[PDB]
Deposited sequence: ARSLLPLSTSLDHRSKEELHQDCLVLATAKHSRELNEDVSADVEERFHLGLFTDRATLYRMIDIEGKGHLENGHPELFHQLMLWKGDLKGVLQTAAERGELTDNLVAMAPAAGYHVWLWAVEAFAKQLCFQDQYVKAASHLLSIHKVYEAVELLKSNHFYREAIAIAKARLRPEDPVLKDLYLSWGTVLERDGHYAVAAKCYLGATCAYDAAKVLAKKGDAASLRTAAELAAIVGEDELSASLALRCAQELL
């Protein structure tokens, strides 16, 4: 694992001449934050100097493109709510950061998950964002997100597993997905959606839109199973016509 104090570790592993200067400055500092150059003494001096050292180390992690290490270091200082607010602003929120957010209370975790969710939408991870909105008990909001971004399959699975079977939302997903597929010429899959919404007539009709013989036969058999025999006959007729 990568160390969180590499700069200070380097200045502690240098010449014996350099080490001896540290003892004398530190000794004078103890007789009472005195030094300026030797920031790495904050490990042995006082908290105000330790924080100085940490800030230098954190900023150093940033300049190497390691914001994860910056954030993991700022937790030690104790300002979790401040790190999260900064992490959200920078778009560097992560699972590890959200895992520790409840340390400030349930209300800070709620804020963090929403923040991490909004950010995850920008990062093109709508399914992961959907899971996090589920974690804060926002099932409808999570489902509307996936639907809005054309993740109909995953949205239906979330809506079917959490909502009562007759929820108009669950039905609207089948419809909303069906129309879209109908639009783009996927009549077979569209029928499955209309069937899922308990709309058997429309399931048979969209399947008839393809026009071929196989589609019209199955569409007829589908209408017979359901009990719309008048339509099943009408589609059975249209099936035999194509074969001529």
Residues of the deposited sequence that never got C-alpha coordinates are 34-37, 39-42
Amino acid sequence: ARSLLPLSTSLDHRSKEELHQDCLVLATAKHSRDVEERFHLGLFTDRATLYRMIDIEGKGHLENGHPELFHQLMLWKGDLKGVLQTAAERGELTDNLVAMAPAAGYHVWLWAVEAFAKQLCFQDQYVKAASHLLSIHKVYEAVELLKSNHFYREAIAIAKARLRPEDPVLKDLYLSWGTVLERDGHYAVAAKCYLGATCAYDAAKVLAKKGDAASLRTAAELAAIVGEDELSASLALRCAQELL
From here on, numbers count along this sequence of modelled residues.
Of 166-174 and 80-88, the stretch with the higher mean C-alpha B-factor in the deposited entry is 80-88
Higher avg CA temperature factor (190-198 vs 53-61, as deposited) belongs to 53-61
The residue of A48, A203, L43, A29 with the maximal C-alpha B-factor according to the PDB record is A29
